[PDB]
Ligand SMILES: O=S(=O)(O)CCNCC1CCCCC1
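Only one chain is shown below, in structure tokens, and it's the form deposited without the named molecule.
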């Protein structure tokens, strides 16, 4: 259908525009769709873009409004005092403000559907809420509506929620348009999605993006595909990957780099209310925090991630056990058998399960996939699925058998409940991945694994050396391989922190010289330098000119291939804020070749200082543009949990940054 009203180029300068005469007598029936293309690059704290209200004395609570906050939150109110209805639906982090310094045209579609009693909001091609109610309130069936307003809501004759921005186009339809019709509405998005709800991963949520540019020119990305809301482990999380062969313009359908199958891959709408939002999948194994590097010698791509056994995450991992037993000077994965109070088993050469109390092999072996065999026969467990049908989270058997894995809850043989690091490789640049192998312990038999720093590993330019940064209590622990990742050693670097989340990323400033930038607890990003390809590390220094919160945020970092202002350049990606994860910036630093000091010269605002920006990935694309894949929301805030399609990708040129 065509609209019943269509108008455009409305400037909202803290003064509402009355469109009652044009719209009110066109509204008919109980279903409506609002389509609005608008900009707001300097919004007020709380502002209404569109209102239908009863403006008369005594009816201040009879109105419909589409509103936004300077946080990027979008929502609606639908209120009628006589009916005793006060609906408020919203989602944080739904909007763009500016891109390349230009105000972004957001495309909003609100569907009010009387037949299905459902209100659905889309912004920029993304469904941000869909709410069904028992008692439906048609937006123009509000008692005594007599005003249609842009840039405010008229309540008792006064302008409430005054807006600053512009509405370039607005249309209203006397129909609830289908999800299919919605998908045909043209968009003006400044971003793309690589991973998204409903894709091959079937995860509704994503966190912890990475990006890495391969020698062939392919750009590879990995991510946590998070099933149980956006929660860290314990949960169900797999590691997914996607690549682009055209400088980031298009991306492949994701595949898994690391996955467990003890729980179903389910696309679930995780509850966001204050009673249930902390619901967490509690019996699934998971992967979390991935990192990528490419090896020049073998040509292999290598991906590491943390591995968590069923029900385990950082919060409850055994901090005094590596999960391995030391023997002769070798490390072997420990196992506990069904019924034993003790871990009386180890996994030896060729995956042979060996009894430590009897010093005697068993008829059990562990295959490459960490699956349990008895005399060559594959053992199985029944898979779980999750639901909130009952009114709370339930995890229950679903009738399907999957291979029995030592990382599962239901396994006959179970690993130590602590964190591990695993590695997988690809021989075809991300088209398929090998089965992962656990890395050995590096800090002794009685120390839990270090935690992988998400993002990129570092391939040194003048050699075959590969380095993945990791962190633990009191240090960064660099993992170093000179043989294509077949064997690893550690290089420990003390930091003045107990128990920091010291997520670190590295750049090679020049041959043999590595600077590592890392998250701290001081509100400042720190760094340290190695001049012997990672063997030894300097004291810690701090960057002035960028602020982080007390708890900090991952920082991504690259060494740019081209000179800027005649100098070698490093680019950092981080929120710049001491309040929350917002105010995303790329900060361009020029290197002083006298002393390798860095002058942070340009700060590029990714979007508004008040709009969300958390973990991020940056890479120089083969054409010397910059690709950024980032969490466009506050991933710390307990108000912005479980948002879909907030990890987004943009393309920038250096001239945009300067």
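Residue numbers count along the first chain shown, from 1.
Beyond what is shown, the protein has a form solved in complex with the named molecule; the following relates to that form.
Place the named molecule, as positioned in the deposited bound form, onto this chain through superposition of its site C-alphas, and say whether the site is open or blocked according to the 2.4 Å backbone and C-beta criterion (3 or more atoms for blocked).
If you fit the named molecule onto this chain using the C-alphas around its site, the pocket comes out open.
Partner-contacting position among 113, 232, 262, 77 - heavy atom within 4.5 Å of the named molecule in the deposited bound form:
It is 232.
Just to be sure I understand the contacts: of 197, 549, 188, 314, which is the one whose heavy atoms reach within 4.5 angstroms of the named molecule in the deposited bound form?
Of 197, 549, 188, 314, the residue with a heavy atom within 4.5 Å of the named molecule in the deposited bound form is 314.
Residue 582: heavy atom within 4.5 Å of the named molecule in the deposited bound form?
Flag for residue 582 set to no.
Taking heavy atoms and a 4.5 Å cut-off, does residue 471 contact the named molecule in the deposited bound form?
Yes.
Do residue 10 and the named molecule come within 4.5 Å of each other in the deposited bound form, heavy atoms counted?
Residue 10: no contact with the named molecule in the deposited bound form.
Whether residue 451 contacts the named molecule in the deposited bound form should be assessed with a 4.5 Å heavy atom distance threshold; does it?
Contact with the named molecule, yes.
Looking at 429-437, 98-106, 302-310, 159-167, which stretch has residues with any non-hydrogen atom within 4.5 Å of the named molecule in the deposited bound form?
Of the options given, it is 302-310.
Output the sequence-ordered list of residues from 268-294 with at least one heavy atom within 4.5 Å of the named molecule in the deposited bound form.
Contacts from 268-294: 288, 289.
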